[PDB]
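Participant: test case, fold it:
(chains A, B, C, D, E, F and G)
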Amino acid sequence: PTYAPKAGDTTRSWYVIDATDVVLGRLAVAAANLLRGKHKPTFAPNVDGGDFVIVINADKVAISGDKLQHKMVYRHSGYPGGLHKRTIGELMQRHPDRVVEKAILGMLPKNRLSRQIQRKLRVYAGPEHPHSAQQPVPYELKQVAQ
Amino acid sequence: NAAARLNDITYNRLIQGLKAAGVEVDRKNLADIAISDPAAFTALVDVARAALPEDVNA
Amino acid sequence: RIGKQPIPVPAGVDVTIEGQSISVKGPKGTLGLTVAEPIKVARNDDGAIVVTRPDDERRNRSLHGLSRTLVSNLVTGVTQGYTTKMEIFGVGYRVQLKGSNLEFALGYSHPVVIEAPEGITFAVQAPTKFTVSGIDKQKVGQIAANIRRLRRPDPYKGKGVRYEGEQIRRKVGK
Amino acid sequence: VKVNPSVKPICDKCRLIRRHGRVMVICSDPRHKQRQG
Amino acid sequence: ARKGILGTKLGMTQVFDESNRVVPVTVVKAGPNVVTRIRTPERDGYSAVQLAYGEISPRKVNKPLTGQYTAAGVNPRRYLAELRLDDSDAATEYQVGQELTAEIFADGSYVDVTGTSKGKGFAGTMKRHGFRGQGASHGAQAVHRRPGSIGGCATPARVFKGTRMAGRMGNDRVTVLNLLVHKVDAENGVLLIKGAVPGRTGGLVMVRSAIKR
RNA sequence: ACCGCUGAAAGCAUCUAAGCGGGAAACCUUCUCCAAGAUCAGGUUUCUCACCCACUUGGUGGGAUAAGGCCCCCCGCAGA
RNA sequence: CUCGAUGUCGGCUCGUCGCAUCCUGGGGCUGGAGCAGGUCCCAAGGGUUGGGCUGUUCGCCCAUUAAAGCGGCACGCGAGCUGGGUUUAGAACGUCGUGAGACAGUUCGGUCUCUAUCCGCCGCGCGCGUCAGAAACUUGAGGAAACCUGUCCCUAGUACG
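Facilitator: Numbering: from 1, shown residues only, chains lettered A, B, ... in the order given. Please see the structure below:
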């Protein structure tokens, strides 16, 4: 049977991704699996496992103008109308961290652990990150084989 | 798959290689090995890599 | 066939490529230009500019011809000022040059003062004739676009700018 | 302009263009300036 | 830019102007009894100044407040409210100890006045929102003053959020814009404002310079 | 929507595929209001800032106290 | 699907939504001289009234208006209202039926039940957390309300004709 599940038997490391030229989707996927812990053999979907993920320089994520001017974002309030339609381009010019956050959350499962995982996410639009007291580990994207 | 990716190999080719080697080892105890002795997992990976032919053509 | 047209450089004071970017200096104000990355541009043995991309992508042909005419336009602009002339065919109009611009009012209140762009030359040839010149057909054309749609010239009698012709339409009697 | 789901030439002094995906006619004679939808 | 001062409403009266015209005047008392404590944007990006006004007893105000005010070096006051200034740097404008009076208004300048409105209490939609009341003769059993129907029946099987229903009103931060200051009584510190002001006699009034004009 | 600058594809032409600009009571800033239970639960300031037992020192309970607040009381043009 | 019950027209009251837009707004074209006006494109942010007669829908008409919009939401909404007509029992005229009686043909009268448990909504509190315990002032991510318009004068009796 399983050996990984156990209180305290988790290595909470920190990862840093320089999200400059990377595309939003591939970044979000790697962040999702890396965040949940599927890159580790001690996977245990029943618990909040995984490592901490830091997104650096989210402002520079390459997205075509064909989506900046067409991929609309919808936040309905609850009131009549109230469909807060706002372009992803404007969101990139205001709160790109919320755009990236949304993309990741859409790739994470929709359950209680998802929220416990969300609170393990730290996204900053700029490149200068004050969080240097911990042990950041620069992590880059790759294919494996095949 | 996680341990295999740590050894830079996919699950696909891992199982294919082990079958070519005749290593009729179930996934339960193989996954156990992944935790109890990661080095043994690495050894099995090297065996599979050597057993795999050359490419994706036939 | 546009790809076959070399680019003469009569001046060449600082006509040079600095990282997919053409710096141009000469008789008039200086110019610059970002080079379309897909297209390879290099200096000829005789000093002319060679714009080329060998591969087959058609958009490379569009960008090849395009960037060729952009560079030719840069050299033409820096060596020979661009000039567009404008003349009014109407009643009730006098051009004044108050401050640093042209004040127009074809028979209506609040005479319009065209906000000039940085780096542009204006001149008045008569109360109903004037001209604009510069080192950028886009900047000179910006004044042509700003003066447009300001009291739309009716095709009947006429009440606006013409560029010395253009076969402007005519009335149908009454 | 004459927006409609059909385009043809008013005379042989015009061109059919594809602007932003919309087909339209220019004929140096502002009579119709027809547009394909 | 948005200069201002705290005061209180002392009721309304009327006074005739130089053109033989009637000016309804609300009396807002805002004389030399307003002190400051700056809040620079360098620490939190707020960019504003705390205004204090009133009268208390030295044995009434609690220790955290006497600590703040005595740290500031300012005699304690009953009310405290912070006025947003401008989105610039300001800096060289207000300081700790600068006295602000009603003389800052130009005897005619338009101002925006805001404050807690008078309580009216829990009321039906006839007052809360102003519905057109239903008839009360031709068979109107027990519907006089009642809202009636809401939305649909089958498909929209819910009341839309934000409908106009019965509830409390009052005690709100009501702001009235572009009120004409009739006259700054600089000799007494009494600000005479054309028009009615939210709040009861004795209530707190916040006055600031208008921006539309 | 419309008009438009420069200019290719295609020696021309063209509001265009690179690129620039104008362009409406719609949209977003802007004006007013609620709002950190916004669980990412914020930020600034200030006060108090060792007190005694039980259990197993820790782990945990019990009692008391400072800031301060509440209860009760006198009132409100604030209020079921 | 619903007959061990979804209670039907019209009208009132209260909202929402589409745009195939009545007006306001932005433009093209014209057999658009100008005012006006035809047609077409964009646009839901507001407004879209008040009366006579019929039970009305639907229509007619007077007088105003920038305008007197088309539709969905159980032909919106009867555990919110009306009960005029429709569809109960009485009565009468006509037609048919020998007759009892019938008519989606007309004419008079003829009750409109429910103490709100849940969902949602509207308002205000108690508790706990917001990592020592508290008190003040506040950023406002994110949302709401509101978003209309005419007459006259000047330009100018000018341009145009």
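Participant: hmm, who's touching stretch C:122-133?
Facilitator: Stretch C:122-133 is contacted by residues C:81-90, C:93-95, C:97, C:101-102, C:116, C:120-121, C:140, C:143-144 when judged by C-beta atoms under 8 Å, 6 or more residues apart in numbering or on different chains. Where you see a C-beta, it was placed from the backbone N, CA and C, and this is true even at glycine.
Participant: cross the residues you listed against strands and list the overlap.
Facilitator: Mapping these onto strands (DSSP state E) picks out C:82, C:83, C:84, C:85, C:86, C:87, C:88, C:121.
Participant: neighbour-wise, which one of the residues you listed leads?
Facilitator: residue C:88 (22 neighbours; other C-beta atoms under 10 Å in any protein chain shown).
Participant: how about the closest residue to RNA strand F within chain C, nearest residue that isn't a chain neighbour?
Facilitator: Residue nearest to RNA strand F within chain C (C-beta to the nearest atom of the strand): residue C:141, separated by 2.0 Å. Leaving out its chain neighbours, the residue that sits closest to residue C:141 by C-beta to C-beta, 6 or more residues apart in numbering or on different chains is residue C:84, at 7.6 Å.
Participant: give me every residue that touches that neighbour.
Facilitator: Contact analysis of residue C:84 by C-beta under 8 Å, 6+ apart lists C:131, C:132, C:133, C:140, C:141, C:143, C:144, C:163.
Participant: out of those residues, which end up buried?
Facilitator: C:132, C:140, C:143 (16 or more other C-beta atoms under 10 Å in any protein chain shown).
Participant: how much space between the residue nearest in space to the middle of chain C and residue E:55?
Facilitator: Centroid-nearest residue in chain C, with C-alpha atoms, centre = their mean: residue C:137, separated by 1.4 Å. In this view, residue C:137 and residue E:55 are 73 Å apart by C-beta to C-beta, to the nearest Å.
Participant: again with residue E:206
Facilitator: The value you get for residue E:206 to residue E:55, if C-beta to C-beta is used, is 18 Å.
Participant: strands of chain D, start to end?
Facilitator: Taking DSSP E as the test, the strands found in chain D are D:3-4, D:15-19, D:22-26, D:35-36.
Participant: nearest to chain E, of the ones you listed?
Facilitator: In terms of C-beta to the nearest C-beta, the element of the strands of chain D nearest to chain E is strand D:3-4, at 35.9 Å.
Participant: neighbouring contacts of that closest one?
Facilitator: With contacts defined as C-beta under 8 Å, 6+ apart, strand D:3-4 is touched by D:34, D:35, D:36, D:37.
Participant: that strand pairs with which strands, parallel or anti?
Facilitator: The pairing partners recorded for strand D:3-4 under DSSP bridges are strand D:35-36 (parallel).
Participant: any idea how far the strand it pairs with is from the chain center?
Facilitator: Chain-centre distance of strand D:35-36: 6 Å, with C-alpha atoms, centre = their mean, to the nearest Å.
Participant: quick check, it touching RNA strand F?
Facilitator: Yes. Strand D:35-36 comes into contact with RNA strand F (C-beta under 7 Å from any atom of the strand), by way of residue D:35.
Participant: isn't residue A:100 right up against residue A:122?
Facilitator: No. Residue A:100 is beyond contact range of residue A:122, at 11.2 Å (criterion: C-beta atoms under 8 Å).
Participant: with neighbour numbers in mind, choose between those two.
Facilitator: For residue A:100 versus residue A:122, the count of surrounding residues by other C-beta under 10 Å is larger for residue A:100: 24 against 14.
Participant: pull the contacting residues for the closest residue to residue E:1 other than its chain neighbours.
Facilitator: In this structure, residue E:1 finds its nearest non-sequential neighbour in residue E:86, 4.4 Å apart by C-beta to C-beta, 6+ apart. Neighbour list for residue E:86: E:1, E:2, E:47 [criterion: C-beta under 8 Å, 6+ apart].
Participant: what are the phi and psi values at residue E:86?
Facilitator: phi -140, psi 160 (degrees, to the nearest 10).
Participant: quick one: it from residue E:211, how far?
Facilitator: According to C-beta to C-beta, residue E:86 and residue E:211 sit 10 Å apart.
Participant: name the residues contacting each of residue A:100 and residue A:122.
Facilitator: residue A:55.
Participant: so how far is residue A:68 from residue E:67?
Facilitator: Here the distance between residue E:67 and residue A:68 works out to 52 Å (C-beta to C-beta).
Participant: cool, residue A:33 as well?
Facilitator: Per C-beta to C-beta, residue A:33 is found 27 Å from residue A:68.
Participant: repeat that for residue E:64.
Facilitator: From residue E:64 to residue A:68 the distance is 50 Å (C-beta to C-beta).
Participant: more neighbours: the two, which one.
Facilitator: Higher neighbour count among residue E:64 and residue A:68: residue A:68, with 15 against 8, using other C-beta under 10 Å.
Participant: just say helix, strand or coil for the spatially closest residue to that one that is not a sequence neighbour.
Facilitator: Using C-beta to C-beta, 6+ apart and skipping the chain neighbours, the partner closest in space to residue A:68 is residue A:89 (3.6 Å). At residue A:89 the chain is in helix, as set by DSSP: H, G, I helix; E, B strand; the rest coil.
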